[PDB]
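> Only the shape, not the letters, is given here:
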RNA sequence: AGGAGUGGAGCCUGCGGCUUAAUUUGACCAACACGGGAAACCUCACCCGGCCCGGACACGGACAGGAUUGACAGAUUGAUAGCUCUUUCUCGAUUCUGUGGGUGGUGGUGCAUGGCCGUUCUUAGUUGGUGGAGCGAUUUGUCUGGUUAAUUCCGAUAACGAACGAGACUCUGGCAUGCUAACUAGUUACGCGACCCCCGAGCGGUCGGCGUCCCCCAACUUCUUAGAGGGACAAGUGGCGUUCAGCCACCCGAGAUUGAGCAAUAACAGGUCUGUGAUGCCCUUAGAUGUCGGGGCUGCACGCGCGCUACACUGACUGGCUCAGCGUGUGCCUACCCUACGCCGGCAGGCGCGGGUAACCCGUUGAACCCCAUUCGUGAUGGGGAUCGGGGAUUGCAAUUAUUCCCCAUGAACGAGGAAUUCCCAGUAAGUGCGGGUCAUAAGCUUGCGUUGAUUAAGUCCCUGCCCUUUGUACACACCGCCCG
RNA sequence: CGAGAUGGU
């Protein structure tokens, strides 16, 4: 279907971010966050909605696939040690982020 | 047939009949070494001649399979009783028939023999039988989860023109 | 008889076509003879894949 | 091609009632028989087979699309 | 019920007499052709022959929307019992070919 | 009209059994291709829409129209703002 | 068992299907063939059609 | 160098975005009138509801005062689904029930595969054996030069002798008054026969003119069909060529380039699991991801692609005259074909009665542009025909979100199109209409056929690309590469 | 000898 970059490289399998994108909520050890700044080297600064800011890192599965950006909404996994640091699990589209807030899942802080 | 059908429909329907008969015989007589069917007509009677390498398997213990095949050919295609006869005939020069060599390579692979040992086994027998050349190809998941192919060739081989 | 079809099984590629045909040939011969002897001569050399049909009066 | 969202008026099938075999004959005296429920006026069903009695109808269970009398 | 016993006997007697069966893969046609006239549908023929195959009493083949079935020695033994025929009968195929 | 007379029976039952000088109860149906006959005037019908029944009070001006002409299968469109890919200039590079 | 278990099928794509493989799309009605277009290219030589031009 | 355009207008149709219960989905030069994809139902996969088993076979249980099957009426229901509830007849070992196990699926993965197709790539390219050269990856053969559409030939030569592609080959077009021979094809002529005209030397005639008017037990094969052979070779003459291989002009001739099919080695994470009883693994399997009723695929601020009709006088309208070629036709489950002639109606259409399984009947296939005469008069006009009101037929089980067709009325934008950009060298481009496919109903698409018939070239490497050789490199994921502060 | 940078699948 429609490309949205432009290049020779048709050598991959297509992204298909479609159909049964079943909505995901927290388990234990997770938080929702908004991206505040993006740094070099595959890392970023993020704020979760109960107010603890963290330095955050892209998991190896999301490299060069799920492009994160400033003010974007993400799902983050906490560490049982080293509480200043965390890793990204998912990105929510602006269509999914409004459904989280419609289920009352997010405080009235997140931008959409 | 209360009034006869037109020649365009008649010549197409006679070709559709030979195609379905060849498919039925192909999958009934595969291990029994089938390679072709021929059909001929005479007043009140149709004779079907069938070619195979091991003709005793086409007959069975006292001709049982010729009687069973005569019954189902009559039952399916709507011939009247006793107007159909089946004759088995032995294939001459079986090394120069491509269908008998494709089936014997299939059963040799299905028994678990290694691919190159099997393929050079038929390549030798075709060239010893007196062909001017041949080409054997196998393709799919040969050794690993990513697909491959092999070509085996000997002698002369044309590709273009009539 | 003619049939013209797309070559592709699935609808992708540049748009090529196949052109199949079949040709049919027909003849007539008329005789001045008894009904008993057309049955003799219309029974030899007819071994190949040729239709033969005969009608008892048309002339 | 999805997970399934369920209905809530659930039955698999009904249950067919269980009853003892025969109450359409009576012995009244030694060697005296009565037939308690009637045969329908019919070609094949004319003997040994009986019409039901309902509160306002007589009905043949064998000829089931028809053979109903309104009393 | 799968079918009336009147139907089930009429399939087995035609199979035992002829030695073979043929039917097309279509559950909707109201009558099987040939000596299965006098009312049995070909759905009953397909379902009957499937039950006879999983017992080992017939062989099966298929091409271009048609089934083909052949009777075998264990099935001859079972049908001669089920139909109560004399032990000496073999009505379908016997004479040696030349 | 083989077994399409059943609606006309249910409509004339509802016209008969209504309280004096008050409207009948609804009869609800799938029959969208029924023509409005002069028997059907001053009657309540629920006409199926692909998921729900919409009620109609049959005015005499409706005569000769279909029942399906008064119960519509979709919502009128009103637009939200265009998305990515809607124009040639809209392209995204990471 | 139900009495209403079928709908009319006396014309259109509900009536007809391929004689080899039961498919309903892209079939050939010409000269009484009734094959699917992919099944025709497979059997054309055995039926007796050829290409010259 | 030029021709017809496309991009601008209205409408048709495919795609994105938005909207929605659903607007099912694949594909981004080599996707977008493509899936032979013209969806009323079916097709059908999507959305809202409801019946059904079409759960083989094995083991255990239950069971001939009986395992189980079917149903009238009232309530219920979109429904005449005994689906379910109340009631009480009916069938007869075929089922039911628990466990194990199967079976089906237009479900998922084309980045697990087979088969098929497209593309690199329409160009001239590719490879062993024995011998020679290098420690080796590799190389020569497969070439300095000339010649050709061509790795086509000549010749040269540490190589010799071969294989595939090219070419040959198959179908097709143009020629035969020579051959074979026709009541399912014609001509000529007369025994003649018949209607009409005197226009004709001359009468109303032997004799003339006109004929798809009619017999032949007349003669024949020019015109039609289609079998066998024939014919063209750079063969002849003049120039140019390491005088070879070839190239240019001209005579004679139907003809000195007719047009297609088939096509190598090695590749691509190209497309297809939605063509298949081709198929691995995964998922689901009775409150089913295996049948009926209704809805959607057509929804509309907006961006893009292939097309149809036009902006008029080299025209539009109303009469009159006169010419084609390729094809299809009573459906074998599946239930329908092509039509002459007569009558009724303005029209679409209706009734009656015949022929055709086809060189036999529709049919001498009375095609359109074009040709001859008339009316309008430079006016958004008698150019253009979008949009919209009212009425009448035909298909079908059903036409509203208008199936298609006929009639009166209404009368938009548009006055030759910005930056850009496509196809084409002779019976070709463009104009013009007719068959086949799909089809119960129906082309603004596509695949073939005839008819009218030009302007400009006979060249080049400039722009975009392809082939071969020499050359440089920090590239090999191969310039859409790699890399510095 | 006009101007001609850059590179998610």
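Right, received. Where do you want to start? Residues are numbered from 1 along each chain as shown, chains lettered A, B, ... in the order given.

> so how far is RNA strand I from the residue in chain B that RNA strand H sits nearest to?
Chain B approaches RNA strand H most closely through residue B:161 (2.3 Å), counting by CB to the nearest atom of the strand. C-beta coordinates here come from the backbone N, C-alpha and C atoms, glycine included. The gap separating residue B:161 from RNA strand I is 43 Å, by CB to the nearest atom of the strand, to the nearest Å.

> Excluding covalently adjacent residues, which one is nearest to the residue positioned nearest the centre of chain C?
The residue lying closest to the centre of chain C (CA atoms, centre = their mean) is residue C:24, at 4.3 Å. Closest residue to residue C:24 apart from its sequence neighbours, by CB to CB, 6 or more residues apart in numbering or on different chains: residue B:11 at 6.1 Å.

> In this structure residue E:8 contacts residue E:48, no?
Yes. With contact defined as CB atoms under 8 Å, residue E:8 and residue E:48 form a contacting pair (6.5 Å).

> what about those two, which has more around it?
Counted by other CB atoms under 10 Å in any protein chain shown, residue E:8 and residue E:48 do not tie: residue E:48 has more neighbours, with 20 against 16.

> and the spatially most central residue of chain B, helix, strand or coil?
Nearest to the centroid of the C-alpha atoms of chain B, with distances taken as CA atoms, centre = their mean, sits residue B:35, at 2.8 Å. Assigned with DSSP: H, G, I helix; E, B strand; the rest coil, residue B:35 falls in the strand class.

> How many neighbouring residues does residue B:136 have?
Residue B:136 has 18 nearby residues by other CB under 10 Å.

> Residue A:90 now?
16.

> Against chain C, how distant is it?
35 Å (CB to the nearest CB, to the nearest Å).

> host element of residue E:50?
helix E:42-53 (DSSP states H and E).

> An error on my part: the question was meant for residue B:76.
helix B:64-77.

> likewise residue F:8?
Residue-wise, residue F:8 maps onto helix F:5-17 under DSSP H and E.

> residue contacts, residue A:79?
Contact partners of residue A:79, counting by CB atoms under 8 Å, 6 or more residues apart in numbering or on different chains, are A:85-86.

> And it, how far from chain C?
49 Å.

> Could you do residue E:43 as well?
Residue E:43 is 34 Å from chain C, by CB to the nearest CB.

> Tally up the residues packed near the spatially closest residue to that residue that is not a sequence neighbour, please.
Spatially, and ignoring its direct neighbours in sequence, residue E:43 is nearest to residue E:27 (4.8 Å; CB to CB, 6+ apart). Residues lying near residue E:27 (other CB under 10 Å) number 10.

> what's the burial count for the closest residue to chain G within chain F?
In chain F, the residue that lies nearest chain G is residue F:3 (10.6 Å; CB to the nearest CB). The number of residues packed near residue F:3 is 6, by other CB under 10 Å.

> So it: helix, strand or coil?
Quick answer, by three-state DSSP: residue F:3 is coil.

> quick one: secondary structure of the residue nearest to residue A:38 when sequence neighbours are not counted?
In space, and not counting its chain neighbours, residue A:38 is closest to residue A:44: 4.9 Å by CB to CB, 6+ apart. Reduced to three states with three-state DSSP, the structure at residue A:44 is strand.
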